[PDB]
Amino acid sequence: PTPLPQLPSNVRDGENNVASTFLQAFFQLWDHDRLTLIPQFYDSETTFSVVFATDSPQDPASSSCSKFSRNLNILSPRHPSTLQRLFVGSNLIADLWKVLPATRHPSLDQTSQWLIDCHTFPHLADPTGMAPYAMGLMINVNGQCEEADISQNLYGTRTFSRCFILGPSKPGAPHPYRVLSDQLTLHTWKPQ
């Protein structure tokens, strides 16, 4: 058997290059000022999930997520996150983002360090109600980042996937588009 050929990032995000503009802003702010992304691109309807594809020892994100889940049960015992397995809205997303480990992503300039595939797709709902449909933008990222382990105060290496669904924003939004869906998959974490 021969594994499928591997090609570089396939970026088909249309005329306005939103995938470039968004991702440039996102990973810059994710490292340095994470929570400011929320008012810029997220709203009351945005859905976020973190899932783990492996069981790395001393996984720092796993620890922080477990602490978050514990604290949520203490403060909001009948929150639907238990069975829904996702977090909805700027407010709750912000609380989780606060405890997820600090990170350092490579520059988007290092093309070989990133696998970014995106395309525009039809038949989202129009949040303005003016049209029957809206166009969406799917952006899937596979890459690596430095991810902090506070127990040692050292950065480890995290392999991750992150899938964004972007769509037109609600009226009065800071940008013409918003994040509808943000799915983060954390794979291997290795100490450096």
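So that there is no doubt, residue numbering starts at 1 and follows the sequence shown.
Comparing 121 to 129 with 136 to 144, which has the greater mean CA B-factor as deposited? The stretch with the larger average C-alpha B-factor is 121 to 129.
Would you determine, from the values in the PDB entry, which of 11 to 19 and 168 to 176 has the greater average C-alpha temperature factor? Looking at the recorded C-alpha B-factors, 168 to 176 comes out higher on average.
Choose from 46, 151, 49, 159 the residue with the greatest Cα B-factor as stated in the PDB record. So the option with the highest C-alpha B-factor is 151.
Would you mind checking where the Cα B-factor of residue 100 ranks among the modelled residues of its chain, as the lowest, middle or highest third? Answer is middle: the recorded C-alpha B-factor places it there.
Third assignment of residue 86 from its chain's C-alpha B-factors: Ranked within chain, residue 86 CA B lands in the highest tercile.
Taking the values exactly as deposited, rank residue 72 by C-alpha B-factor within its chain and report the matching third: lowest, middle or highest. As the PDB entry reports it, the C-alpha B-factor of residue 72 lands in the middle third of its chain.
Would the CA B-factor of residue 116 place it in the lowest, middle or highest third of its chain? Lowest third, going by the recorded CA B-factors of the chain.
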